[PDB]
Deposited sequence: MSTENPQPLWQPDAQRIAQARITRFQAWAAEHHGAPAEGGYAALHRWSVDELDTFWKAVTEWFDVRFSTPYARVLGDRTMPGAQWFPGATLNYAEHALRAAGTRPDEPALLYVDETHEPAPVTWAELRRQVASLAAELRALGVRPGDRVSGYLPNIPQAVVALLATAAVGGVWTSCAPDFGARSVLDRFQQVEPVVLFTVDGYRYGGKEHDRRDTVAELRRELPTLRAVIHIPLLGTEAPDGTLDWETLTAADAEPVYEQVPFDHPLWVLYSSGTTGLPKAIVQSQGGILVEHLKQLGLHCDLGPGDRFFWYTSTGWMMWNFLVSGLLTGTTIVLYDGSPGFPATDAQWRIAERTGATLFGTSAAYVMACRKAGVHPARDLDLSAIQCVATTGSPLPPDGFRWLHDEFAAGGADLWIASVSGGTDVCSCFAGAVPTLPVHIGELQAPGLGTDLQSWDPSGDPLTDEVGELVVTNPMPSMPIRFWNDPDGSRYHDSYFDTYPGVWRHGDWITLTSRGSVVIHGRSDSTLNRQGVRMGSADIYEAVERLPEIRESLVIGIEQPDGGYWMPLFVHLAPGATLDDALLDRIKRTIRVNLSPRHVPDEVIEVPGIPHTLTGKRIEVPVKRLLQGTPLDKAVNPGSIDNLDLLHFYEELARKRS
């Protein structure tokens, strides 16, 4: 297997993860030799010592000592650092004591004119707001909610919430009221931070009526804090943001147990109410430190820009950049406004050193004839990362060569972040080569395996992604989950005591990971992942997006066509051809059906399972939570299809 890219030996030697291994080998019995393969095996075989090592390396300061690193090891509900106390916000703001006048936040909107908030100023605003939250009666454990775009106020609010031991939960303001309420009503927040609207694509999006509706339908709220993004007056009964952040009193951080809830995230699952996933201050603290400082190589003074809505877990990951003393870049706006290269212009104007984006955006830039490294000053960029669908080899080459032609050797990273543990089970390692369509390795401390139906491990064979050991950022539990039934059914109902993620994967002999698709959405004719098929079909110019389903056996391919394209015999021939060639005859659809579009979750994930149910005759009204999908009418198309075929 020929790598797309191999890191040079000095880059390897200079990686923080390499320094960590050397230090761990001196002080904690880690292997000095053997590189990542050896470090990883140690991180799993000596799990307690590994996490101890992580906390020392990052100087996590427990205000009360832990009794041990790990008590009960069984899942779900493993017992991390029992006895210890800490505070996430306190750790995040440590750099205010070391480089107070450096920028902690660089924020920007569609004017593309960045503004800084210094570490000292961030610490002060957070302390002011935390004191106000305490005065409003927010106690440790109370939920504090936000209806907020990616603006510096959202970071200040989250940190202030964590500082008081409040439990953060948020939605972005492109969510409609039913989607927001389906989430927030489950956890009964006592505070709401909210904007009056936002700007996107050069257009104004008023949210005053939505805010009025949220307030009326959330009767547990006791205080509402208004952020006048569009410059409107605070509604009756609300507090004005600027009045709460202006004080200069001593920072105070609530020292909470390791397991104390930090935030509630919401699953993208489309059945029933969205799962309300609770993660701990301690678990997120150590896992995000590990990912950011070791897997992403981030440290003090770096500048981390991920293009993201606050409604995606990548925002939470971005916020945690502060934990490593890293400046974070916040952009509230469209990815292509005023022009296609907008995200690159932000990276330029903020001096980003790590720029995280989507493979789709990279490909769209290449297609549009953008040359970002040539035309902008991207000399500060050391790494470009994508999460979600993998960057194809022509995209990787373009990106790398675009920087390489100008004398820069770029690290192109592929990660796979998920809401469930607010991190990745597998993804990037700065010291390993990159291969087509692979995630480089399971993360440190993650015992990832591919299991057959009998629960035995496979190598170079497709199987179920399992994680056989506990990770600190795994959910404490789901909120609004009697008996813990939904949490159990989500991961623990297939192999006892083992986390089964629902991904159909290969774990290669080189220790890397290929994700073929969702296990519950495979095509069985031999069990095939749908991802492989989407890659092939969707390379065709005429096909904007596709969706493949298999039902007991009928295997139709739904295609949303590019403008001007027509589903003719020639097109059907090209479709079937590219499939039987690049994959196999088994992969060829029984039928191709043109569609007005492809329905998605709110986060833009394909919804194969709900569509399958519809095609199986389940009425739309009972198949999905409509607040959890992006286009009701598009989904109704598929119900009509089943009705027509009934």
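Unmodelled regions of the deposited chain sequence (numbering from residue 1, in sequence order): 1-5, 531-532, 560-564.
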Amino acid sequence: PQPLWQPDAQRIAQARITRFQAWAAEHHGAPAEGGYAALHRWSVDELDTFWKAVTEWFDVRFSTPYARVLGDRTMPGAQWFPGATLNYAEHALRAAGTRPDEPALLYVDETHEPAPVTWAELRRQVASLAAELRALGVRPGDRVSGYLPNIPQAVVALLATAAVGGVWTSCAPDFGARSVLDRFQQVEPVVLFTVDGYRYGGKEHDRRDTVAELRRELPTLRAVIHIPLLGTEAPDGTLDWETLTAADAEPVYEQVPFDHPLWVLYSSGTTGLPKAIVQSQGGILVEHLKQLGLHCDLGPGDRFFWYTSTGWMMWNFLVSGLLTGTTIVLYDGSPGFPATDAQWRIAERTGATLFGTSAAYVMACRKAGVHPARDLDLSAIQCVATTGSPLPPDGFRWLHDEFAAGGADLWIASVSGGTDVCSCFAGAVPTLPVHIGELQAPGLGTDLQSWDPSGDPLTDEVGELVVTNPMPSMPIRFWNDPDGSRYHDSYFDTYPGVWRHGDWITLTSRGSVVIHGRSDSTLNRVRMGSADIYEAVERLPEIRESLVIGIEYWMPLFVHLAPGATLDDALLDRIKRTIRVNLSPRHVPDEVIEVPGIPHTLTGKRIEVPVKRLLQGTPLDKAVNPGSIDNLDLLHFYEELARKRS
From here on, numbers count along this sequence of modelled residues.
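For the pair 171-179 and 528-536, the mean Cα B-factor is higher in 528-536.
Averaged over Cα atoms, the B-factor as recorded in the entry is higher for 246-254 than for the other of 246-254 and 477-485.
Per the PDB entry, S584 shows the highest C-alpha temperature factor of the residues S43, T64, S584, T55.
Annotation for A30, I607, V60, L47: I607 ranks highest, by Cα B-factor. Annotation for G137: C-alpha temperature factor in the middle third relative to the rest of the modelled chain, per the entry. The deposited CA B-factor of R11 belongs to the highest third of values across its chain. Remark: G321 belongs to the lowest third of its chain, ranked by C-alpha B-factor as recorded.
In this PDB entry, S454 carries a Cα temperature factor that places it within the highest third of its chain's modelled residues. Sort the modelled residues of the chain by CA B factor and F403 lands in the middle third.
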